[PDB]
């Protein structure tokens, strides 16, 4: 239901060049997971009823970074500032979604379609809209479904974003990678979810909720069995997420 806005040729040129520089920067710095977190976690403040929040660069604001659920994201914002300064024409909104798209690509993930044109919004959304790692399927549906307007399929596919990276005890309080290959985007997050708790690896209560739900569970099984089907559903979900409140 998207109608993407027109941007100038010079805008499109900056996106292409930013995309390449982001690949190099993110690969070298080994920060694909934190970048994916910044893009996705920050898009997830969207509330469809009121058309507030969402992927509009408000996460740059010290006020939104201060939200306890955003512990560590100030690192991400700080890391990107010098590169962003090379592309003054790009909104921060687009730049952070581009960094998320690139984070998935450089780690071996699918090519998520990207459309420019998000505008930087003045006011952060209220604290507390983010998914709670201690809660379950009802909470996931409240947040991704009722607020964001995403599907049950989207929920499971997006949870697979945890196939890269780790929790940190000084950030959320949780600790460790979800997989044995935390810089590799693949279906191992679902493989690990099915095989039970392996020593050294993390499952959040939000991750575990996927196994006990009658709708979520077939999706976990499908993705564990079929990485291509994961990659397809994932690219679809991530595009939608990055586009919440944008072009409709």
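Residue numbers count along the first chain shown, from 1.
inquiry  = If you take the mean CA temperature factor per stretch, which one wins between 118-126 and 159-167?
reply    = Result: 118-126.
Q. Which has the higher mean CA temperature factor in the PDB entry, 74-82 or 132-140?
A. So the stretch with the higher mean C-alpha B-factor is 132-140.
Kindly indicate the residue among 204, 35, 59, 183 with the greatest C-alpha B-factor in the PDB record.
Of 204, 35, 59, 183, 59 has the highest C-alpha B-factor.
Quiz item: By the record's CA B-factor, is residue 241 among the lowest, middle or highest third of residues in the chain?
Solution: For residue 241, the deposited C-alpha B-factor lands in the lowest third.
Practice problem: Could you say whether, by C-alpha temperature factor, residue 66 belongs to the lowest, middle or highest third of its chain? | Solution: Tercile = highest for this residue's CA B-factor.
Open item on the list: Sorting by Cα B-factor within the chain, modelled residues only, which third would residue 27 end up in: lowest, middle or highest?
Closed with: It belongs to the lowest third of the chain when residues are ordered by C-alpha B-factor.
Note to self: Among the modelled residues of this chain, does the Cα B factor of residue 15 put it in the lowest, middle or highest third?
What the structure shows: Lowest third, going by the recorded CA B-factors of the chain.
Ranked C-alpha temperature factor of residue 176 among modelled chain residues, by third = Its C-alpha B-factor, which the entry lists for residue 176, ranks in the middle third among residues of this chain.
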